[PDB]
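Chains as they are written, first to last, in the entry's author numbering: chain A, 74 to 145; chain B, 22 to 58; chain C, 22 to 58; chain D, 175 to 232; chain E, 117 to 232; chain F, 175 to 232; chain G, 175 to 232; chain H, 175 to 232.
Below, the structure is given as structure tokens:
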């Protein structure tokens, strides 16, 4: 429902950045960097949900989803 | 005077039928994008 | 007297159709800039 | 019968999270609110009154 | 301008005021037990029901029909009438009490054929 | 003499612990409450009034 | 007899958890509320009045 | 029918973050608010009154 209070603690909004390599072909995999965006304490053992990586032209060039590795 | 045929302000059709989408390609991917603008 | 044809204040067209954009060059870059002003 | 018709051009970045946009953010806004039946026929001036409104000296 | 050759006085006025409107309303409150007389392909149930009450000097019939989605039925085997797709609700009666609420044939003819 | 007649179909799972069920849980509820004697005869319209109720123009 | 008819196009993502959607989220909303019987016949203008409403000068 | 037309020259650095600019920051502001129908025809002076307004001595 539109009018409701959700107060989550296990979810963080993040920005994912990656490099599109030369001569990249569909189906190949690349590394991504996940950075928190607002008042999150940690991203220790989180899992990145399906994220479309846009280019400068605002077109989806990659789809990101995986487990984050934080140093510790 | 109210029976005189008149042209409405919003002429044309006031509805659009969703166009069926392209058939996915056989590349082994679930993500399939229509002709990108 | 209200039927006399009159010229509006904002003459011309009151709409502009977005012009399709240039075809990107084949340089291996995602950033493509139209003819820069 | 009442007809409410709308037409225009909407910029996608103006649409809110609830898939809604105020009518003042639509470029070529064409808004129409008309009706038919005797209720509408009662709000049209009589042909003679509508002629005197245009052709009478004062 | 002498001898009132230009002296003039003229007046004019025009007015118009039209208005119109309509409104409809209906209310229904009650409880009726119906029977499932058909189970559709998707599991929805076609339901029909009738209650007849004869009080003193007449007979009243309350009939209902529609399509009920099973997931809308509450734990007490009850569903509000606004969750029934093809709701057909009828509340009629007979006897002289009902006959007293029918317009006379001549009045019912003048209601349709009189000029005003 | 007054007669109160009832008929219908009752689902057993609606019957309460006191072997009782409200009349709104009976599917084909037929409820009748009639009487006879001059008290009932005094609540029937006269044949001429009952004819004028149906055949009079207004 | 009163008839309430509705027609339109509903986007599934607008439907709430109770399988309900407000009528303002339906694209081609066609809503009709009509009736018949002498109650409805009493709300139609007489043919002569409905003609004078259209053809009288004022 | 009412028509609201606007035209002008807008400097991009005056546009706010909500893609909006007050009308006083537009250089060649041409703002028009007109209408048609008998409501508009009722606000035009009669030809004879509009002639006496220009040609009468006083």
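We put the CB at the ideal spot given by N, CA and C, even for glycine.
Residue from the options with nearest C-alpha to residue i
i	options	result
residue 43 of chain A	A:107, A:112 and A:137	No information on residue 43 of chain A is available, as it lies outside the stretch 74 to 145 that chain A covers here.
residue 226 of chain H	D:231, D:178 and D:195	D:231
residue 218 of chain H	E:202, E:128 and E:223	E:128
residue 145 of chain A	A:93, A:117 and A:74	A:117
residue 124 of chain A	A:79, A:99, A:83 and A:91	A:91
residue 85 of chain A	A:142, A:129, A:132 and A:108	A:108
residue 149 of chain E	E:142, E:166 and E:157	E:166
residue 161 of chain E	E:134, E:202, E:144 and E:229	E:202
residue 104 of chain A	A:114, A:93, A:110 and A:83	A:93
residue 55 of chain C	C:48, C:43 and C:49	C:43
residue 178 of chain F	E:224, E:141, E:126 and E:169	E:169
residue 114 of chain A	A:96, A:83 and A:79	A:83
residue 224 of chain D	G:191, G:193, G:228 and G:223	G:228
residue 106 of chain A	A:126, A:98, A:96 and A:95	A:126
Residue j beta carbon less than 7 angstroms from that of residue i
i	j	result
residue 89 of chain A	residue 135 of chain A	no
residue 200 of chain E	residue 182 of chain E	yes
residue 45 of chain B	residue 53 of chain B	yes
residue 155 of chain E	residue 163 of chain E	no
residue 198 of chain F	residue 147 of chain E	yes
residue 121 of chain A	residue 139 of chain A	yes
residue 134 of chain E	residue 216 of chain D	yes
residue 57 of chain B	residue 132 of chain A	yes
residue 130 of chain A	residue 25 of chain C	no
Where the alpha helix (DSSP H) through residue i begins and ends
i	result
residue 139 of chain G	Here chain G covers residues 175 to 232 and nothing more, so residue 139 of chain G does not appear.
Span of the beta strand (DSSP E), counted from its first residue to its last, around residue i
i	result
residue 215 of chain H	From DSSP, residue 215 of chain H is part of no beta strand (DSSP E) but of the alpha helix (DSSP H) over 212-215.
residue 209 of chain F	204-209
residue 123 of chain A	120-127
residue 153 of chain E	151-155
Close-in-space but distant-in-sequence residues of the same chain around residue i (CB under 8 angstroms, 5 per side omitted)
i	result
residue 214 of chain H	208
residue 175 of chain F	209, 210 and 211
residue 123 of chain E	117
residue 173 of chain E	211, 212 and 213
Contacting residues, own chain, Cβ-Cβ under 6 angstroms from residue i (five flanking each side not counted)
i	result
residue 180 of chain D	205
residue 234 of chain G	No statement about residue 234 of chain G is possible, as the shown extent of chain G runs from 175 to 232 and does not include it.
residue 142 of chain A	none
residue 128 of chain A	134
residue 75 of chain A	none
residue 37 of chain C	none
Paired residues, beta bridge with residue i - DSSP
i	result
residue 171 of chain E	F:207
residue 178 of chain D	D:207
residue 140 of chain A	A:120
residue 161 of chain E	E:155 and E:184
residue 108 of chain A	A:88
residue 195 of chain D	Answer by DSSP bridge pairing: none, since residue 195 of chain D is not bridged.
residue 200 of chain H	H:184
residue 133 of chain A	A:127
residue 125 of chain E	Looking at the DSSP assignment, residue 125 of chain E forms no beta bridge with any residue, so it has no partner.
Beta-carbon proximity list for residue i, same chain, < 7 angstroms, skipping 5 on both sides
i	result
residue 195 of chain H	184, 188 and 189
residue 110 of chain A	86, 87 and 88
residue 69 of chain E	Only positions 117 to 232 of chain E appear in the structure, and residue 69 of chain E is not among them; the question remains open.
Any non-hydrogen atom of the ligand ADP closer than 6 angstroms to residue i Cβ
i	result
residue 107 of chain A	No copy of the ligand ADP occurs in the structure displayed, which carries no ligand at all.
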